[PDB]
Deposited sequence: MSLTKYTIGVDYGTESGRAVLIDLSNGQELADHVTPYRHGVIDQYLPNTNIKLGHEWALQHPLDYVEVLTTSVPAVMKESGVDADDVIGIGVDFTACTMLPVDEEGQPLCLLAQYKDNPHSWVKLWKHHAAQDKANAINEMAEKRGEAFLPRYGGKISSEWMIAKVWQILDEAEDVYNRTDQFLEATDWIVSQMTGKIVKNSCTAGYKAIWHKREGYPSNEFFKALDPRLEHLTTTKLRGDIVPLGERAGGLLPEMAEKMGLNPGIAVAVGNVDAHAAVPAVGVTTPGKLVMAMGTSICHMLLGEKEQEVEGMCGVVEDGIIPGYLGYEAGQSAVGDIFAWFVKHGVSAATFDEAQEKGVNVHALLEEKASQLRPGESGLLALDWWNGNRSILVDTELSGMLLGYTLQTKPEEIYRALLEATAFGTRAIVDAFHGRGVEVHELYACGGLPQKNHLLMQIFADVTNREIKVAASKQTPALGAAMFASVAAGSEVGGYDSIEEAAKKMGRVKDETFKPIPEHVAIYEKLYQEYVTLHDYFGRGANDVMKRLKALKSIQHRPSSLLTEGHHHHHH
């Protein structure tokens, strides 16, 4: 008895058939988008794309289904009770009355604004700016729910750009859709929007709904009624049944028609249940280029600098919290490409090892505090708790003897202090954090990072055991949408007890370490506040010169 989770990424999509009793995947096949990311030119044309543009081809999404789901079936029958997907969040596209992408229409095929706008599409920053300006000026209740910053990557700004720069595309649009919802509408035939994206990317709230009709009007009179027209529809919680798989699609996929299809999920949020978290007190960290911190709570609290909070946003029956750490994995990448000497590089090749690996081993010989170094993990600004892109990195404690492995550890330590700033911001507001859960590739290749993390927050850290976490998550909600009656489950908690996967070995704080780090952290907090809360804005002035 299994379900299928289709994990749609930035470059490719992949299907995984997961066993509904243990959570193991016996088969997965990834289908790359044959148009990939459209950042240079529209599919086989010479219509150049402006600055900060990211687009994608709608059909590549359906092709993952008509290619990968069949392939996974090959490697077994009608014991596939359901299918679900996770998508990169706020990857929207405008569709017609029949629910098809405008980019597929004769007239619109050549207007860039008719295509899919990838999450990475940052072209609408100015609109995101205005939306935040008006919300501030107006004093809108939703503003603090997103830390006082609606991203350019999200829905409202993205549609407003279309309206302005391409009004003909706007009016032609019957409804704008998150790619996660659109994709399920192609397997089900109906449009049913999930709670995760509406909540985190479309300024939605379960109790107040969307912002006032007056709020949008004050952005552009045309935008009044947007919420009841181009963004109309019931918001339904994760795990619910979008509807049945269409027979014509079922044929193309190797699946039976009518089987349960869950409402779209988001790649990051989908990780929470895949790692067994379906209750408060446990923070989940999707760790990689940066970290997306997610946490469940029983009450709504306006945590400083959080990215968002929404009921049924992550786990039905709980408020979902999301926070973000701007740069962690990127900082280590930066340091290897621009900050580590050739000597350590030679040393690494000298012993047949990768430099990252050599740097980790050498820094693990150091005792916390031994380097005498302290850093502010702000190489790429700050999102959570400080919400300021106008901040830079700092390294302190240099002596003529400072070594690359020492400064490397400082960067590791700095990111952990950054994570702690976030965990304390929640905990100190009632949104408790007792345990840490890590998923991603970072906790795989870098054990030292996980130990510093455990030492600094003084909390036990579990690591995901699944290879394809987001996919498992999708598979999990697929079973919940299926139901107990057909072999699946009646709740994500129940589904989590048997499907959730964490590695048996966890990282535990070493009291001797937790003690040194407590002191190093206090020094970090102080500089964090000095350089980031107003006393000295030198960082901002340094940028203005650059």
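Q: Missing C-alpha coordinates: which residue stretches of the deposited sequence does that apply to?
A: Several regions go unmodelled: 1-4, 80-82, 554-572.
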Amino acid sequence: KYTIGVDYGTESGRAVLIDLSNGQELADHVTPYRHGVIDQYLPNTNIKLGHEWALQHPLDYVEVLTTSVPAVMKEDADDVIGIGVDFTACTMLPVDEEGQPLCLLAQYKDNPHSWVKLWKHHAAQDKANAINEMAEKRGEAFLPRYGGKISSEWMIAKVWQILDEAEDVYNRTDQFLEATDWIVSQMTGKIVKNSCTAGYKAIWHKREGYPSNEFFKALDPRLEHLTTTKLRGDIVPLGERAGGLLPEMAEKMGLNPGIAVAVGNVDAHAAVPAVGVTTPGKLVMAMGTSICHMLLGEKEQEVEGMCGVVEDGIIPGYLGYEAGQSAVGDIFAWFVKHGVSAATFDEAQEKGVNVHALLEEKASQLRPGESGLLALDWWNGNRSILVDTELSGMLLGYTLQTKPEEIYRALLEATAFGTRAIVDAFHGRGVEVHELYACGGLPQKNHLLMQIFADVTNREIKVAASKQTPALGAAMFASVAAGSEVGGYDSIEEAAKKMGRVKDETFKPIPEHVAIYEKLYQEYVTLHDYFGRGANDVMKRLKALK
From here on, numbers count along this sequence of modelled residues.
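Q: Mean Cα B factor from the PDB record: higher for 330-338, or higher for 180-188?
A: According to the PDB entry, the answer is 180-188.
Q: Check the entry's C-alpha temperature factors for 475-483 and 513-521, then say which stretch has the higher mean.
A: Comparing 475-483 with 513-521, the higher average CA B-factor belongs to 475-483.
Q: Please pick out which of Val169, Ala198, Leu395, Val353 has the largest Cα B-factor as recorded in the entry.
A: Answer, based on the entry's C-alpha B-factors: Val169.
Q: From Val538, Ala535, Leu527, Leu17, can you pick the one with the highest C-alpha B factor in the entry?
A: Comparing C-alpha B-factors across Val538, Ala535, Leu527, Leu17, the maximum falls on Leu17.
Q: Among the modelled residues of this chain, does the Cα B factor of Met134 put it in the lowest, middle or highest third?
A: Highest third - that is where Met134 ends up once the chain's C-alpha B-factors are sorted.
Q: According to the PDB entry, is the CA B factor of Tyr146 in the bottom, middle or top third of its chain, that is, lowest, middle or highest?
A: It falls in the bottom third of the chain.
Q: Looking at the temperature factor on the CA atom of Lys282, which third of the chain's modelled residues does it land in?
A: Tercile = middle for this residue's CA B-factor.
Q: Going by what the PDB entry lists, where does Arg409 fall on CA B-factor within its chain: lowest, middle or highest third?
A: It falls in the bottom third of the chain.
Q: Among the chain's modelled residues, which third holds the C-alpha B-factor of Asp346?
A: Answer is middle: the recorded C-alpha B-factor places it there.
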